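Visitor: Same order as they appear, the protein sequences are chains A and B.
Quick note, the first sequence lines up with residues 0 to 110, 113 to 213 if you use the entry's author numbering.
Quick note, the second sequence lines up with residues 0 to 109, 117 to 213 if you use the entry's author numbering.
Beta carbons: idealized from backbone N, C-alpha and C, even for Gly.
What follows is a structure written as structure tokens; I'll ask about it next.
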Amino acid sequence: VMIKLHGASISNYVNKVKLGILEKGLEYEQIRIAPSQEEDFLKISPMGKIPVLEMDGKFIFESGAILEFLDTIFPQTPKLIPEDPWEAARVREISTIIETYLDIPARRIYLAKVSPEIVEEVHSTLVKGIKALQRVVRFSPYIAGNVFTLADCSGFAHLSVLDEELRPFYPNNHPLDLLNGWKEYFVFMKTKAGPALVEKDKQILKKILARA
Amino acid sequence: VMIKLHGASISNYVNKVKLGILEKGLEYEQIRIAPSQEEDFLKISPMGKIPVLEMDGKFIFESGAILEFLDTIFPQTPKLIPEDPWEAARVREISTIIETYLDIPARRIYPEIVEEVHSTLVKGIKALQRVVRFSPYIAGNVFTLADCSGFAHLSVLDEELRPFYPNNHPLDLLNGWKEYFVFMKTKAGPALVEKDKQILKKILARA
Ligand SMILES: N[C@@H](CCC(=O)N[C@@H](CS)C(=O)NCC(=O)O)C(=O)O
Ligand SMILES: N[C@@H](CCC(=O)N[C@@H](CS)C(=O)NCC(=O)O)C(=O)O
Ligand SMILES: [Cl-]
Ligand SMILES: [Cl-]
């Protein structure tokens, strides 16, 4: 098999890549591993992170570099980076906002310390990010417009997890509730085979790990 | 000219963009502003950050999206993203490591967490070592987007952390860095970027 994706289905960054692979209809195998600082893994993934893409004996790490690479070598539909450069920028903006300004903050919670205050700081930071995000998304029906893009890979993978993770922390208080279109979008994406499969694989492994 | 770069030379993310604009030989004006949460600014820059690129009455924010955009509309050498797709992945990897795994953590310093931070940086520095070539540029033999992130962020990290790790500096573990820094400073673009930063620092230099 040409493409190997290293990383388990519970990782939202793994799932971001997986969504792009599935949507293009590429053939691949997922190799379920956990992160690790063993010298052997560091050789292919310097920070000990997943996902890692393996292809042609070469390894690419970092979900963003991976998806940009796949879109370059496998330009078949959908184009994760639109050909129009302005729309490409919007796609890249959306994805950066989601990962950098929403998920990074949220990980301080759902991954440490507990403080109503700490929790409080995060609530404010997320509300700020959500409001920024609102300005660039279209959900018509995809997050950046009328076709699947990189932004849907980041959006579906991260926001689905952010949504589940933060309900415990924020009943009546969830930041996403402020993102107009999120719920419709999430339901829409779940009517699709790729996103549905990504959710299923996550659920399968979660149920299994829970029996630790 | 047809391009305006919004943000002062104090910001490493602004300097990242500036390096790429300079290296492409593009006509531009730099608008010296600070970041802001003023709604009128949030309209063109949702997170209220600098830099913001403006062209054709339209705005792009996020230094990564801006340089990928300039690469695409001004595709002439130097190509910020290599034509070879593996080399292009290397470039994006280097840039992401520098920003996410070195700069972000470093920003927790500019408490006594300075020790947990020093370990994070040695780790990030050790990972970076695995992908850089410095031959002479950060990713290889030509200027790329990774040089925009590398020169903008590393220079800052180095000076900014000397007063915290006099004999302890993690960036000293990065083989080839000092020579790269020196080499980059001989080029007209990085030299201008570095001079504007230095002027601004001498100027607002009041302890
Ligand atoms: N920026 C990285 C993030 C990857 C990441 O944080 N993955 C987690 C998912 S578990 C991980 O491998 N963590 C292990 C670690 O940080 O050591 C990417 O885009 O791939
Ligand atoms: N991810 C952004 C980072 C830009 C950034 O953090 N700029 C700083 C430089 S001062 C800023 O505008 N901070 C103001 C703020 O966060 O409100 C990028 O790559 O452009
Ligand atoms: Cl799995
Ligand atoms: Cl300035």
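Would you verify that the beta carbon of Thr-95/B is, or is not, closer than 7 Å to some beta carbon of chain A?
Guide: yes
Visitor: Verify whether the separation of the beta carbon atoms of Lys-17/A and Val-199/A is less than 7 Å.
Guide: yes
Visitor: Counting contacts by CB-CB distance shorter than 7 Å, is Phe-68/A in contact with chain B?
Guide: yes
Visitor: Ligand 3 heavy atoms versus the CB of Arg-212/A: any closer than 6 Å?
Guide: no
Visitor: Would you check whether ligand 4 has a heavy atom nearer than 6 Å to the C-beta of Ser-8/B?
Guide: yes
Visitor: Using a Cβ-Cβ cutoff of less than 8 Å, which residues in the same chain neighbour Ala-133/B once the five nearest sequence positions on both sides are dropped?
Guide: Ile-96, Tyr-100
Visitor: Can you confirm whether the segment 83-95 of chain B touches the segment 62-70 of chain A when touching is taken to mean that 3 or more C-beta pairs between the two stretches lie within less than 8 Å?
Guide: yes
Visitor: Can you give the Cα-Cα distance for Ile-59/B and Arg-212/A, rounded to whole angstroms?
Guide: 47 Å
Visitor: Going along the segment 123-147 of chain A in order, which residues come within less than 7 Å of chain B, judged by CB to CB distance?
Guide: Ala-133, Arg-136, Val-137
Visitor: Starting from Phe-58/B, trace the beta strand (DSSP E) in both directions and tell me its first and last residue.
Guide: Its beta strand (DSSP E) spans residues 57-60.
Visitor: Compute the beta-carbon to beta-carbon distance between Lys-3/A and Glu-26/A, rounded to the nearest angstrom, for a pair I have assumed lies under 8 Å.
Guide: 11 Å between Cβ atoms; not a contact.
Visitor: Is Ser-62/A near ligand 1, in the sense that its beta carbon is under 6 Å from a heavy atom of that ligand?
Guide: A heavy atom of ligand 1 is found nearer than 6 Å to the CB of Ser-62/A.
Visitor: Buried or exposed for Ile-209/A, going by 16 or more other Cβ atoms inside 10 Å?
Guide: exposed
Visitor: Tell me, please, which residues DSSP counts as bridged to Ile-2/B.
Guide: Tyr-27/B, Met-54/B, per the DSSP bridge assignment.
Visitor: Any chance the CB of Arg-31/B is under 6 Å from a heavy atom of ligand 4?
Guide: yes
Visitor: At a CB-CB cut-off below 7 Å, which residues of chain A make contact with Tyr-100/B?
Guide: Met-46
Visitor: Comparing alpha-carbon positions, which option in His-5/B, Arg-136/B, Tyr-12/B, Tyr-109/B lies nearest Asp-39/A?
Guide: With distances taken between Cα atoms, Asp-39/A lies closest to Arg-136/B.
Visitor: Beta carbon of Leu-79/B: closer than 6 Å to some heavy atom of ligand 3?
Guide: Not under cutoff, so the answer is no.
Visitor: I'd like to know whether the C-beta of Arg-106/A is nearer than 7 Å to at least one C-beta of chain B.
Guide: no
Visitor: Can you tell me which of the three DSSP states residue 280/B falls into?
Guide: Outside the shown range of chain B (0 to 213) lies residue 280/B, about which nothing can therefore be said.
Visitor: Is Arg-91/B close to chain A? Criterion is C-beta to C-beta, closer than 7 Å.
Guide: yes
Visitor: For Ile-108/A, which residues from the same chain have a beta carbon less than 8 Å from its beta carbon, with the 5 sequence-adjacent residues on both sides left out?
Guide: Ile-119, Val-120, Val-123, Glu-166, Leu-167, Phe-170
Visitor: Under a Cβ-count criterion, where at least 16 other Cβ atoms within 10 Å of its own Cβ denotes burial, should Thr-76/B be classed as buried or exposed?
Guide: When all chains shown are included, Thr-76/B counts as exposed.
Visitor: Give the straight-line distance between the Cα atoms of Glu-37/A and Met-46/A, rounded to the nearest whole angstrom.
Guide: 10 Å
Visitor: Taking the straight line between their C-alpha atoms, what separation do you get for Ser-44/A and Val-51/A?
Guide: 7 Å
Visitor: Are at least three pairs of beta-carbons, each pair with one atom in the segment 146-164 of chain A and one in the segment 183-192 of chain A, less than 8 Å apart?
Guide: yes
Visitor: Is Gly-47/A near ligand 1, judged by its Cβ being under 6 Å from some heavy atom?
Guide: yes
Visitor: Can you find a heavy atom of ligand 2 that lies under 6 Å from the Cβ of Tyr-100/A?
Guide: no
Visitor: How about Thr-150/B: is its C-beta nearer than 7 Å to some C-beta of chain A?
Guide: It does not; no Cβ of chain A falls within 7 Å.
Visitor: Using a Cβ-Cβ cut-off of less than 7 Å, list which residues of the segment 56-84 of chain A approach chain B; keep chain order.
Guide: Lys-57, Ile-59, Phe-60, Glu-61, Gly-63, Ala-64, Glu-67, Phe-68, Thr-71, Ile-72, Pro-84
Visitor: Who are the near neighbours of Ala-197/B in its chain, counting only those whose CB is closer than 6 Å to its CB and skipping five residues on each side?
Guide: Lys-191
Visitor: Check whether the Cβ of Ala-7/A lies closer than 7 Å to any Cβ atom in chain B.
Guide: Proximity of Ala-7/A to chain B, defined by a Cβ-Cβ separation below 7 Å, is not satisfied.
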